[PDB]
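Position 1 is the first residue of the sequence; numbering continues from there. Counting starts at 1 for both ligands and their atoms, following the listed order. These values consider heavy atoms only, across backbone and side chains, with no hydrogens, waters or symmetry-generated copies.
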Amino acid sequence: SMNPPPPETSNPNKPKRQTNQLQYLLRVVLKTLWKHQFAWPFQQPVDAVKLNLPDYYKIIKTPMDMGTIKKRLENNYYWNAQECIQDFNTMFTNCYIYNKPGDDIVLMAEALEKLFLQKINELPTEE
Ligand SMILES: Cc1cnc(Nc2ccc(OCCN3CCCC3)cc2)nc1Nc1ccc(Cl)c(NS(=O)(=O)C(C)(C)C)c1
């Protein structure tokens, strides 16, 4: 069971903005999670062939990862902060949907999500 194409990261016809909230999502939120010791399983799409998870992309129909989020932010792909926040939440939820409680990967996601939520709590007001 093969891998799907990754999520879209480029679309010239999509309206997009560079806002102070989206800048915070890159400079604070993404950067903080990316450097974390538990980030690496989330820094690129799940390679379900290499990990031998032939059911992964049958169960996870809206895949997301921080490599995709990083590219979207670096490309100014988003219209607003909530679109990007949704991507992070999809990533975390997908982890909890696919895996067992207490699994290492879940503990890793939980550590990243705690930091995510702390940073989002201080999202600046839109300028
Ligand atoms: C983002 C993400 C979400 N869900 C999972 N689920 C998962 C991964 C592998 C699993 O193996 C099961 C045993 N195999 C299956 C057949 C036999 C062998 C089981 C479940 N993976 C993720 N990314 C990831 C990326 C790189 C790696 Cl190396 C890992 N591996 S890991 O074990 O979870 C680790 C980070 C080392 C704790 C996960």
Practice item. Mark yes or no for whether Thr68, through its side chain, and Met64, through its backbone, hold a donor-acceptor pair below 3.5 Å. Key: no
A student checking ligand 1 against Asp104 at a 4.0 Å heavy-atom cut-off should list atoms 37 (C)
Of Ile105, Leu53, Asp55, the one whose closest heavy atom lies nearest atom 8 (C) of ligand 1 is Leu53
Q. Does even one non-hydrogen atom of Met91 get within less than 4.0 Å of ligand 1?
A. no
Short question: side chain of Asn20, backbone of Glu127 - any donor-acceptor pair under 3.5 Å? yes
Below 4.0 angstrom, N of the basic side chain to O of the carboxylate: do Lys14 and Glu83 qualify?
-> yes
Among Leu51, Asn52, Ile97, the residue with a heavy atom nearest to atom 27 (C) of ligand 1 is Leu51
Near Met108 (heavy-atom distance under 4.0 Å), the atoms of ligand 1 are 35 (C)
Quiz prompt | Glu74 bridged to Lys70 by N-O distance under 4.0 Å | solution = yes
**Prompt:** Quick one: do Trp40 and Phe116 end up in the same hydrophobic cluster if we chain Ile, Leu, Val, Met, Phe, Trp and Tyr together by side-chain heavy atoms under 4.5 Å apart?
**Reply:** yes
Checking heavy atoms under 4.0 Å, the part of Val46 that sits near ligand 1 is side chain
Worksheet item: Once the angle between the rings of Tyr96 and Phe92 is folded into 0 to 90°, is it parallel (under 30°), tilted (30 to 60°) or perpendicular (over 60°)?
Response: parallel
Honestly, for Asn99 the part within reach of ligand 1 (heavy atoms, under 4.0 Å) is side chain
The atoms of ligand 1 lying under 4.0 Å from a heavy atom of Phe42, numbered in the order shown, are 1 (C)
